[PDB]
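For this one, two forms of the same chain are given in structure tokens, first as structure 1 and then as structure 2.
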Structure 1
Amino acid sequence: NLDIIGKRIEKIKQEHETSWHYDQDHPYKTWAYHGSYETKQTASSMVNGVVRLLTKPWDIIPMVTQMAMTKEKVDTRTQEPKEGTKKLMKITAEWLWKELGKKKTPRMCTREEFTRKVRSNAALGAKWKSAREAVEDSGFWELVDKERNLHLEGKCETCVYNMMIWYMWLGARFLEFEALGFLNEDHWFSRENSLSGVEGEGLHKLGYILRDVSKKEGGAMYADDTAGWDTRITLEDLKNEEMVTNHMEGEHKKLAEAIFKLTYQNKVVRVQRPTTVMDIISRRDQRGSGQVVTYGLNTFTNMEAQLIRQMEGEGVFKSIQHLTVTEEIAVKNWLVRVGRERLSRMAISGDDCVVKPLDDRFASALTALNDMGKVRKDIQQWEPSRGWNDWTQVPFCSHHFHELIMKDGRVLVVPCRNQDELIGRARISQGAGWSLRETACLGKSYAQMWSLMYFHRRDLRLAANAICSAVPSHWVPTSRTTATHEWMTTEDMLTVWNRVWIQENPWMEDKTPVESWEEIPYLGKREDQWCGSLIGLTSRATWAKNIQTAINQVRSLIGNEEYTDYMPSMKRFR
């Protein structure tokens, strides 16, 4: 315990030797409080202006305006699972890893790969000012090289999480990425490799994936969201995930084993408390890993939980209190005989999941799931799961998927969500100190995503043409903080569409290109109203009629540049 974390604690305590104190009134129970030192400091979402000027009817929708404005979950403990549960998880984790690594090879990620990642402004939780300064400098990689040697010796000095999301100093992110980055970077959780997974599939393929699941014989499709899944990660899960190292070798295996046992399984965290003071607390369980590593581990553990719930549903094991030597061989024979087929009945994306089990016994297979700590959100603990009989209403990654027939007979499966949600997100700009040019480039990014993924929604196709028309044609799309983002490009969007939906799409057998935007269909007007369209309102009819005047107001605010008129792509203006 304190033989592992004590080293990190001493360093921070010594830096603030003139401000150290063990306060009497500390609110931590589940967290172990080690001490505190004095601090004083705090990101409030800002309005992307180009987007708001071109979506005026939504200035009065409070679903949209409210999004732009504006604890006791992390301070919770999970009961140690039963012995029978722990054995099932241990046996399944072991069999899963072996499957994931049949056609993979664990490997250390490089300083070159991590370097190019910070240059492209990748999303990472963090002497030097910017994230790019320490990478260019060499004295950093000495700080990294120091820790790296201490990790090989089985000790840790500077790998302390920051709670503001679990941030960490860039050096720790590198060492984390070096050992475990291979899971993301070499697509371990691809659908080709993992069967349940969807990493790097993109909003335009998920829909086709749910449908392919649907085509299998079985019961309802079950989409149960776990209540605060990161805070429901047990130490037994952290141990089951660490069994990946058993597929590694040499310097890699020891560097991985280190991260797991020194950072994940023994955490140290600095937390600001307004009463301002920085409290140094520790804990062994819960999730705080790298946002990208977390995804792959959450997908791993979630696959494991869902495979076990299917075994409970199919009556492979009777009771979780203790596992018999006949219940072991049966569970093991199950994984070997059908475990692959049962993975292909799922779509898992981190804490998210959609399962089409063999029958509806699954719905009331809640003993193992509740014991693993994977407690379902907003349903009684022992009340059975409400199934879905139609794949076009099943929720997945914040979306639902409409089947949609093109005028030449070919079948698009398009993603969709409440249009008040899409317009509200586009109107937000994360960060301060943005130029009119930068804000405008982010707007083009959303409009190009809308034209590619949400083209079938009338108000988005129109507002997309308007935004692209109000932004100089060459000005490149920019991202605030980084699956597949093909809308990030200056190429002609009808050409992107043809590549994405016709050329590259393996569910389309006829590869005849689409020649104009009119050949690309919309959802029914009621479907479009059901998913939140304003078609039929006077405001939207006025907005659409007088659309050029808004484009010209933005054109006037930016200045005299090279602008294109994209509105003639729609029939009404044509």
Structure 2
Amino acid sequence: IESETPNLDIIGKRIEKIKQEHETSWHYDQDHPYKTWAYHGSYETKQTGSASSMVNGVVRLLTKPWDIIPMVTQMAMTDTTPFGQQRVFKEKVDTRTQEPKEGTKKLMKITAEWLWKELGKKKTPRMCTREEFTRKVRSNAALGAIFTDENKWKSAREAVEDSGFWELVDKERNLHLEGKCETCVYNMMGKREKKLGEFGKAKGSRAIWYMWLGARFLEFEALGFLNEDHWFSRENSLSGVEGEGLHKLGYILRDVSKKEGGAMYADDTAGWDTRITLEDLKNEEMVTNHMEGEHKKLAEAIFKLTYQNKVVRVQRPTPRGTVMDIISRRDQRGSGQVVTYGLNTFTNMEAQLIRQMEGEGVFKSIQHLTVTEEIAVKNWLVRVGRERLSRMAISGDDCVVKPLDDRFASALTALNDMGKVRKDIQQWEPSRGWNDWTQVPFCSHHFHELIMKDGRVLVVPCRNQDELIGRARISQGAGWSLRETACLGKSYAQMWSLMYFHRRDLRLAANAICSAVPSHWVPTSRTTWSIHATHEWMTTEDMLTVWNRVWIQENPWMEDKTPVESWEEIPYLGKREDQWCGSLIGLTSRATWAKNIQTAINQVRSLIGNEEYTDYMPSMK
């Protein structure tokens, strides 16, 4: 029922080309685990990825009360080995979403058409240039070379400056213009990030899919305009937040909460990219209806031949050593495509609008839309669609919706039938809604209204303190380190004083870390540094300069631009709120840690060696 039906007239040449370069080892394993993906063959390969973690000695030594807290100490780097990847693959990528019902599809298509038109009122699809690509791509961006003709260069920078790289692009750009595709294949790797381990094992996290550099240009050429012209900015899309930094997102939530409506809902979707249906992809492609000429053909080539027909190359442990599987999947979002963020935001705006529609009873059944319901839907979009859009903040899969009323919480038949099944809740269990916008999660944070001593008001980002301390105590790599990650620890402290200055433990811990890290060191990478013989790196005073720059000078929501003169003027959350968000104030282990903080600082100093040190601790009493 759920097996994948490949279109070999479209993906056929790609698979043959991969096979041709690997005839020595190409077989057809009949023990392949793929249940929902078409499988095409395997061949020998070598293991890539990692599952180890390095300890950040300076931060661990300075956060002792948290040694006894498993929400801190179980933090690890993810497992990006093929073992780690196949786990994630069996858990979430190797799944199938049921085709939505005919009423759902009519609802999605109507809404997507109205959305593309609203997004396009003040923007125009356009091609992007090779010069634009050459200026944007990082010099060390992955080449991701699939075939040997593509493995000539040592960096993306070198590749983009060779006319031979652009000859490969031209060969394939010409195929796309005829409607054929021969080289656009996805690499696959696991996302390296920080995730809580369980049972002494580091966990995988997610799949990252990337085509080779030439195919990524071709993506960019046809579809980069969604990003480069900022289609999903809040100004253009009403719901998006593209371009707004994390720290300013609380200001958007406060404005959404000014609206009249029900609770504030922020239902996460479980494995959003794996739940993108071919219906979703075909509604996304409707942007080509606003294109012309050569552009329309290149976009359509990308959507049809590379997004709706993906050939993937993924590693897999097998008792005879690691192999590489050549699989294929017509739906899903390939997390790594140029459209990932933007089209995730698009479809998630479309899904939330529909859920709002269900809540208001515009339509009543997803099995079929009556003509009078199609009329009601279109007239609803015309009448209120733009206002319903502004009741949302949507950053790809992450969303906050303040609906008209709380019928939303139990309006789940369209949401579930589109595949957008909520995380950590039953299919038909009503949603949990916040009636206080400062408690709403959005992009892994919530936001507090912080009154300053002037009486001015900041909105500041905040999360459970154990997540922050956990992440600061580990890094990529292996084993233990002290000197090699001291500047990294100072980097974390700088983040803490700028974004979470309002948490007592974090502001104490940050000053302690700065007091312990040699003050003339400057990071040149995660594990390397240089010594400015006469400049101190990021003293107290220029940390306070950064704080005033971000929260006052450049803060559009701060009218009075009067600087703050002293770290002691910069306030904290109220104690109860600090505690509610994981503060250890009130615990005796923390009062001890604090009272004796200079001892631990002097201990780290001695372990690092004889260097010049500065005491950031008098910034607080």
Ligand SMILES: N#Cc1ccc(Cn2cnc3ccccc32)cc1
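For the two forms, the rigid core is made up of the largest set of C-alpha atoms that agree within 1.5 Å on superposition. Numbers given to residues start at 1 and step along the sequence of structure 1.
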ask   = Structure 1 or 2: which one is the form solved in complex with the ligand?
value = 1
query = Which listed residue, 268, 470, 297, 347, is the one whose CA shifts 2 angstroms or more between structure 1 and structure 2 with the rigid core aligned?
reply = 470
ask   = Aligning on the rigid core, do we see the C-alpha of residue 118 shift 2 angstroms or more between structure 1 and structure 2?
value = yes
task = Note yes or no: does the Cα of residue 555 move by 2 Å or more between structure 1 and structure 2 after the core is superposed?
result = yes
ask   = Has the Cα of residue 424 moved 2 Å or more between structure 1 and structure 2, judged after a core fit?
value = yes
query = Rigid-core fit: what Cα movement does residue 91 have between structure 1 and structure 2, in Å to one decimal?
reply = 0.3
remark   = Cα of residue 18, core superposed, displaced between structure 1 and structure 2 by (Å) 2.0
task = Would you mind giving the Cα movement of residue 489 between structure 1 and structure 2 in Å, after fitting on the rigid core?
result = 15.3
